[PDB]
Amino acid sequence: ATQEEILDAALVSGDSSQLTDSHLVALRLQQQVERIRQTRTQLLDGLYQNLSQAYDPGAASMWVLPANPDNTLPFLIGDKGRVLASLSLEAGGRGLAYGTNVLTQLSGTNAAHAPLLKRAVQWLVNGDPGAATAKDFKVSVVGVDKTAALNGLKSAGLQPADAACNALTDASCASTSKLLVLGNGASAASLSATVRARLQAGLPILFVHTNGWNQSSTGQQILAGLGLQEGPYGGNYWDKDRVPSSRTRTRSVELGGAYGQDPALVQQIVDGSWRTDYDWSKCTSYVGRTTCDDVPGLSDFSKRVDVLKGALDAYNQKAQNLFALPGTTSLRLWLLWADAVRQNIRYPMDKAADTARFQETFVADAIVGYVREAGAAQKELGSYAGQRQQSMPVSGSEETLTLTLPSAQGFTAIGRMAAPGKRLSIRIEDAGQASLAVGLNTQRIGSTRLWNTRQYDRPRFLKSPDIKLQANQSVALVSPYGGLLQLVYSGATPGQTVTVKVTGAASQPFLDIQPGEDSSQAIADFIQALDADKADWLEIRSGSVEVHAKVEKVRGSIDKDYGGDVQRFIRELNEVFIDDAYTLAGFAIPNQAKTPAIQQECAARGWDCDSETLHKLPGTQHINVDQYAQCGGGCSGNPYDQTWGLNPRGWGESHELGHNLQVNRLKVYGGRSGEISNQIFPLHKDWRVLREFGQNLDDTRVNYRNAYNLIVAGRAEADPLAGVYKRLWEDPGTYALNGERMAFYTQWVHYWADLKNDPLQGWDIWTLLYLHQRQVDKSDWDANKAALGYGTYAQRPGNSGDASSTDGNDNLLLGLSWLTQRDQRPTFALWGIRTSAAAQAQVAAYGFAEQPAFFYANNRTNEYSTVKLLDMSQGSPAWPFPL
């Protein structure tokens, strides 16, 4: 078969598998775009002639936009670019929609529009804007006032007669009526479908939005029947856009022909006239990531490409197959062109060395249609994947999976992959009240480093749009890239399940630790899948953490850090990394009782330390392990990105996990502890690792010595609390005084260890503070405040994260005083930490003996046997370790 014959077939089926000649497709697209422009401009020129185009719908109006570009078009575009009315040629019919009821303004504010409206109505009735209507032409008016509408039409020089019947819902009235006028009061079965069917059968429709700047679902449905869409929330309220009387024929004809179309970009594609002289010296670099926002001309190019992506991604998001909807040829050609381009992409490309390949690929990467029955794999997957991903076996039968949702909103790995160019079918069942979508992959967009020299080596958009699903309705997908399937959810009940059915999917290595079940078999099966080595990507689900990882990166870590010992790697991931953090935070972990000391303290305080209501595990934290990251070689977020691999014992792993587990009421001076109060997680892990294993990791993180220097100097000032504050907490820098501020947090660990007379118990104070804080945050205030040491508070305290707030300082003071049964105000003052009068009154009410100011000093972070206690109440001792 010729490429010509392949293209013709693929326009019907969507099957681009054998289509490689992108130039041929681009030539067809060129003629299609030109056909659309010729049709539009001829119609708009006939409508406008030299009549005034003045049209002012006021603030109390909505915008009304084309939705299908092939058969709809703007009619009135204001100076600010807002579409105020649109024309429809959908299904071979004739429709016109305004964003306000212009018919009742033809004697007033829009008297000047009457001549033009007359031509538009001539075009509706006759199909020719210069053909006069017959006297007494029958007009049916539905959902807006009949008399006022007919009087409006008369005001424009027309002589309508009342059809006296409902042409929206009565097929016989539709057949004799010359025009149907609609507003938002209409009633009908299947309103969009009914409107479409009337239009297709030849009833001309004039729609007027009757709800001002308010949106209308009836209007949205009518407009969808015309192939139009309502503009966004607020309507014309802020912009107050209008067409001025100075608007020329030529200008509006040009704007209307160009709207939502890019003939210049099509021509650049066809001719290969990609820009050879972008000024790349204007790019800049931030932590190794190059961006180019200030390269002249580049942002405008990128925004034009975004229009195309936006257009196709609306179909993706709605789970609509473009090839199943009539009147979508332009978009079909764009998509088939991009699929053809994907057959020829080769990596890597550089922005200066390979301008034509780089720029054409830049466009093609933005145009991916996932909802289809067939289509092509991209031939080269570069730094993303390789031959394994391309050759993964797929299941011919339906697979059934049950997923648990740990919070109301987020996404979770389904445990299967789309294979490149291979159809899969998916559906969800048993979803309760959750709203669901399916997605592919988890990459963040900064992880395609296309502006770095020679690093355009994968697709721009490896993560698909979220593809909405309805319960019990199957959707067919084809990805050019393959990818890890994700269930995206919102409005869920924590702990609920969902059933996923999928046919045609591949099975990546997938480790699904069962919350409180034996896992030695799951581990063995995962290892066996890794040993078979048929995949480029894997996933791991363990508690509230999910890892999405390039296989080669995980192998690298197992080899480097574990000498090839996969078993120990996995067990440490689960226990030393994940379980360590969530246990430190005191969450209710299924089938894992609290330690005896935590149990006993909680019991002695009469606390709820075990309910799911207060202490359920939080929403999933995702981790991406890949060749590239969103920012730097590793980036905060959810997911957070790592490019080195995945080390269960690593500082960064736990530092980032810790950000997910931070709470404002345990931060000193809000944001000043933004990179402090999360460090308990990696510090605890390192203390544990030294004791159990003997590796001594990050042993100089906590800078007790320099904290001491700053405290000793600041407390010599006239206001000693302010003096310390200035030297320790004032600096707003992201990582300012990181080591010194950490030494505050560990004071309480050493203190608690001494209080309990047990070195192993020291970190329990943080677990207790977390348990206490979640009760403060969520328990019934009146019933629980006495038990939480907050009896003097009429209302729950605030949760501000601002550095100027005392909400964290206060809760730390109260929690620590309450748990230790000593008034801790002198040590809080020593550290420069101010508290509110309310919190001070509350500590006074406890009736506890003061703990005089103290300081725990050490010359190592991880080894606590050497820590020394300094009494600070009478003066400042010497630093007690030799320099």
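The first residue of the sequence shown is number 1, and the count goes up from there.
Would you mind comparing 548 to 556 and 681 to 689 for me and telling me which has the higher average C-alpha temperature factor in the entry?
According to the entry, 548 to 556 carries the higher average C-alpha B-factor.
Of 868 to 876 and 855 to 863, which one has the bigger average CA B-factor?
In the deposited entry, the stretch with the higher C-alpha B-factor mean is 868 to 876.
Highest Cα temperature factor in the entry, among the options 140, 107, 447, 696: which one is it?
Reading the PDB entry, the winner on C-alpha B-factor is 107.
From 428, 462, 535, 116, which pick has the Cα B-factor that tops the rest in the entry?
In this record, 428 carries the highest C-alpha B-factor of the candidates.
Please place residue 375 in the lowest, middle or highest third of its chain by C-alpha B factor as given in the entry.
Within its chain, residue 375 is a highest-third residue by C-alpha B-factor, going by the deposited values.
Sorting the chain's CA B-factors, does residue 401 end up in the lowest, middle or highest third?
Answer is highest: the recorded C-alpha B-factor places it there.
Compared with the other modelled residues in the chain, in which third is the CA B-factor of residue 69?
Its C-alpha B-factor belongs to the highest third of this chain's values.
Going by the entry, which third of its chain does the Cα temperature factor of residue 575 land in?
Within its chain, residue 575 is a middle-third residue by C-alpha B-factor, going by the deposited values.
Would you please rank residue 80 by its C-alpha temperature factor against the other modelled residues of its chain and give the third it falls in: lowest, middle or highest?
Highest third, going by the recorded CA B-factors of the chain.
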